[PDB]
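Here's a solo chain for you in C-alpha cells, the form deposited in one PDB entry.
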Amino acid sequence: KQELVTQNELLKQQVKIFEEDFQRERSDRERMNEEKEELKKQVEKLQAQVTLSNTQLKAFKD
C-alpha cells in the first residue's frame, strides 16, 4: 500500500526497455526500407536498359 516506490522503480525500467525495443525495431524497419529502395533502383535501371536495347532493336526492323 506504499510499495508505490518499487512500482515506480519497475515502470521506469519497463519504459526504458520498451523504448529500446521500439528503437531496435525502428532500426530494422529503416534498414529494410533502404534494402527495398535499392531493389527498386535496380528494377528501374534494368527496365531502362531493356527499353533502350529494344528501342534500338526496333530501328533495325523492316
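Basically, rigid core = biggest C-alpha set you can superpose within 1.5 Å across the two forms. Residues that one form lacks are left out of the comparison. So that there is no doubt, residue numbering starts at 1 and follows the sequence shown.
*Asks:* 43-51 versus 13-21: which one carries the higher mean Cα B factor per the record?
*Replies:* That would be 43-51.
Omitted here: the form deposited in another entry. The next part is about that form.
*Asks:* Core-aligned, between this form and the one not shown, one residue among 39, 17, 11, 52 moves its CA by 2 Å or more. Tell me which.
*Replies:* Result of the comparison: 52.
*Asks:* Considering only residues present in both forms, which runs of at least 3 consecutive residues have all C-alphas displaced by 2 Å or more between this form and the one not shown after core superposition?
*Replies:* Core-superposed, the single displaced stretch is 49-61.
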